[PDB]
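Just one chain is shown here, as structure tokens, and it is the form deposited in one PDB entry.
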């Protein structure tokens, strides 16, 4: 029973999605001229506001809203606390559209009540490999390949309704208004992810985490000894020994990424991502934006062997407010971003990610099982978390795929 999602151009059930064999649009074709010029109606007490996400004070306003009202874990222990610097980075990539950053404020006092954001991305989202094999068998190759060209679409993130205004049907209004503004830019698809199940994901993956500071983690999450360590005489010493890391990177030639690295990083990353059914395509400007180091935000290291970049990894920072535990304000988490390995095993490359993160004072490394992230889970002592990340498209029929066929990292 979905009063809003039943009206939208998405597959309505798992059963429906399991039937889809080719990529393509769901809705009637439309043009920009069909789409309302006026913002979607909202109660008189409210007003639409388009923040300027390159302006410090507007960034700070959105920052506070998310700090206090964004995504929590399921047990009221953590709330994401994306930083102001991070929001500017994530929301203002090359060729971003300011109008796609959508807020609602109370008109009387200008209190910020809600937000949703779209950003442009170029995405490969053609029929997946396994369904093209089927299509070929059935003599339907061209129909399966029709939508292979990378598509200039919208990624939606940062949907947030203030906690005081929950369960008032505000979220559907925010979605409708974002949709209208994106459609008015001649864009007709979106990709989005969520921790909740909605109609209807094309892929779903567990979260995995790797403790870097177990004494802090075990104290917050338990807030004493985890069950399987209860058998040791000295559980904390065992925990610390289990998660200990080198104090400096092992790969000779590791260094932070440089602007002159951009084109080589672009080539090795694109060659790698092209192996996945769903993944982004980045220009040099986008590689520069999403991967060059930005203090407190994104950290990227390359393996350089004789002036050649042969491998790289990146991670980004999202602290979470420790909303349950009294002893700590924040948990400093490093999330695995894009990477590519051509000279060393992936586990050896990502060991250095763990070492740098640890050395820079992060408490935990988190990721979803997209890309080849499962290839280093066991070797590097990641464990499954309680979350899942579900991947969705708006106005795009798409067959179920495995999370290891997804190459899009969402921030």
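Residue numbers count along the first chain shown, from 1. The term rigid core refers to the maximal set of C-alpha atoms that superpose within 1.5 Å between the two forms.
When 122 to 130 is weighed against 143 to 151, 143 to 151 comes out higher, by mean CA B-factor as recorded in the entry. Relative to its counterpart among 228 to 236 and 316 to 324, 228 to 236 has the higher mean temperature factor, C-alpha atoms as listed in the PDB entry. The PDB entry assigns the greatest CA B-factor among 181, 210, 241, 337 to 241.
Considering 247, 275, 189, 288 together, the PDB entry gives 275 the largest C-alpha B factor. In this PDB entry, residue 54 carries a Cα temperature factor that places it within the highest third of its chain's modelled residues. Per the PDB record, residue ranking by Cα B-factor puts residue 223 in the highest third of the chain.
When the CA B factors of the chain's modelled residues are split into thirds, the value for residue 264 lands in the middle one. Remark: residue 113 belongs to the highest third of its chain, ranked by C-alpha B-factor as recorded.
Residue-level temperature factors show residue 67 in the lowest third of its chain, judged at the C-alpha atom.
Here the subject shifts to the form deposited in another entry, a form of this protein not shown in this document.
When the two forms are overlaid on the rigid core, CA displacement between the shown form and the other one of 2 Å or more is confined, within 112, 322, 239, 225, to 225. Distance between the C-alpha atoms of residue 223 and residue 364: shorter in the other form than here (change of 3 Å or more). By 3 Å or more, the C-alpha separation between residue 324 and residue 205 grows in the other form relative to the form shown here.
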